[PDB]
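One chain comes next, on its own, written as structure tokens: the form deposited in one PDB entry.
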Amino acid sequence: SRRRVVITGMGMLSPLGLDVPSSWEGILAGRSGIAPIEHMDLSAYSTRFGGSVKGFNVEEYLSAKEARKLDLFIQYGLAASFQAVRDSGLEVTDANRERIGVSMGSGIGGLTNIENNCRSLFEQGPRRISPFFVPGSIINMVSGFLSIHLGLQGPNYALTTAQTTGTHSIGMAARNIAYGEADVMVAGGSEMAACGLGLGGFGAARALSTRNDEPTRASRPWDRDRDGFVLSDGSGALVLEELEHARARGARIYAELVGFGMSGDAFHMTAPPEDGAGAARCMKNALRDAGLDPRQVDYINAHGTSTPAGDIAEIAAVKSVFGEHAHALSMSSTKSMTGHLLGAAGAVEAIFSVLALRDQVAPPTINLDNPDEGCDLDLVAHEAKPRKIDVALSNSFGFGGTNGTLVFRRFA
């Protein structure tokens, strides 16, 4: 009924590194990538730190002339995409390019570019807007430009499901491959909302931590002194591949993507329900899609955003799905270190989940000094935990109560 889908390539920019292996070394070491933001003047803002991408040089991937039309969220998406296509060793030919596509998305897209063109329009009027504004700032153009730069002719689209984007992108790209619409898909997410509208919009909603004096401690999922999420930038991308197609060309396979689930809370615009019953259904859907019993799960990479309401819902949902086995699995939030990459969070965390399968180690939940009422599971507090990981889950639960769960598994 379904062809099998594996991960043959990965790419990343995060607040911990300009590629995957540098970012992952950071994760394993408990390193925070959070810091006061240098690129702009945040003095008037109630929050002043974030996970920024540091030292990014777009001209590793594109000429200065190409790069200049494109919002940072696009540059970030192409870079992760390029890394991953490279990482995969895939050679794109006339014989396969119609079988290779792209699903790279974003939660908010080109907010920086829109900001800047907004300034021009207000001060100098319509004619000063760039002619590349639209193509260089709408969300589908990570997918757009990547297909052009790589001559990829397969399914070409983009999701935008806020903080769940990255997770849904990967899952539905795998469904493209399982359905026969593609053999290969580049999927993932990118974001750069660290601009005045991003930080101010999230500040206005009071959704962000305001621990300005100690930014590396701001993101503390399941800690009783948590005060909101930490906004972060970057991108993740995976090369998904039908199993036989990868065997045929001798691909290195990191892991198998076995399950994808989805759900809606149908509850509230920004807050999850106390019992996490939407997240519970999503994980259950993802497990059944993988043909798995809850007891076969060894590691969960949580959404774990460091909001009061969400961290606790996620515990409820895990306890209700997994029962007693909730105490045997390890769950951690690597947002404790990376911050919340929004639409890219799902993508980088899928990659963290795959790496956790490769190296048999559960990354840590840093800053988990005083676990709140109920937060009594193995949350890998403080430091990496080597252990058996056969099956690894990655959740994302975003505004609009939109939920997504991926299930990965060691390959053989």
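Each residue number is its position in the shown sequence, starting from 1.
Quick note: we don't show the form solved in complex with a small molecule, though the next part is all about it.
Heavy atoms within 4.5 Å of the small molecule in the deposited complex are found in one stretch of 32 to 40, 371 to 379, 53 to 61, 346 to 354, which is 53 to 61. Residue in contact with the small molecule in the deposited complex (any heavy atom within 4.5 Å), chosen from 143, 330, 75, 83: 83. Although the partner is absent here, residue 19 sits close enough that one of its heavy atoms falls within 4.5 Å of the small molecule in the deposited complex.
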